[PDB]
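As structure tokens, the structure follows; a few thoughts come after it.
Starting from 1, each residue takes its place in the sequence as its number. FYI, side chains are in, hydrogens and waters are out, and symmetry mates aren't considered; it's all heavy atoms of this structure. Just follow the structure's listing: the first ligand is 1, and inside any ligand the first atom is 1.
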Amino acid sequence: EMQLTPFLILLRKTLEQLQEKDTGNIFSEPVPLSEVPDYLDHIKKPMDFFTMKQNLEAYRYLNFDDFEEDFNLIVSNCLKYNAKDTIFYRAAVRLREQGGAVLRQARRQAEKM
Ligand SMILES: Oc1cccc2cnccc12
């Protein structure tokens, strides 16, 4: 029970804060299938921050869970695909940790709406 425009402004700010935590920009764009040919073998729904931005602007995120679930896919896909001893796996752990605090604060703000 809130107005659409302030909520989308909040999601835009939140997405920018999450992208800031991905300092290597390894999640900024879809995983390039041309360089990872086996990626889709067990990754059923790829996700990335650019796709999240397009979903946001297409009005596909109307509650915080819609938005947070796609963020969680970025993390979980990366933990699934990559071995634990890789920078990519550890980057997803770091993003989960640093991004979780960003998400908790942003969800508090949405609940004031
Ligand atoms: O090759 C990649 C490039 C950027 C991100 C990736 C996330 N998981 C597996 C592979 C990736």
(message) Tell me the contacting part of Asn82 for ligand 1: side chain, backbone, both, or neither, using a 4.0 Å heavy-atom threshold, strictly below.
(response) side chain
(request) For the residue pair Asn25 and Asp22, confirm or rule out a side-chain donor-acceptor distance under 3.5 Å. (result) no
(request) Please work out which of the three classes, parallel, tilted or perpendicular, describes the rings of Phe27 and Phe49, given edges at 30° and 60°. (result) perpendicular
Atoms of ligand 1 close to [X] [distance to a heavy atom under 4.0 angstrom, numbered from 1]:
X     : result
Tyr81 : 9 (C)
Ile26 : 4 (C), 5 (C)
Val36 : 1 (O)

(request) Of all the heavy-atom pairs spanning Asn77 and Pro46, show the shortest one and how long it is. (result) ND2-CA, 3.5 Å
(request) Go through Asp48 and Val31 one step at a time and tell me if the side-chain contact (heavy atoms from CB on, under 4.5 Å) criterion holds. (result) CA-CA 8 Å; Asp48 67 275; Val31 177; over 6 Å; no
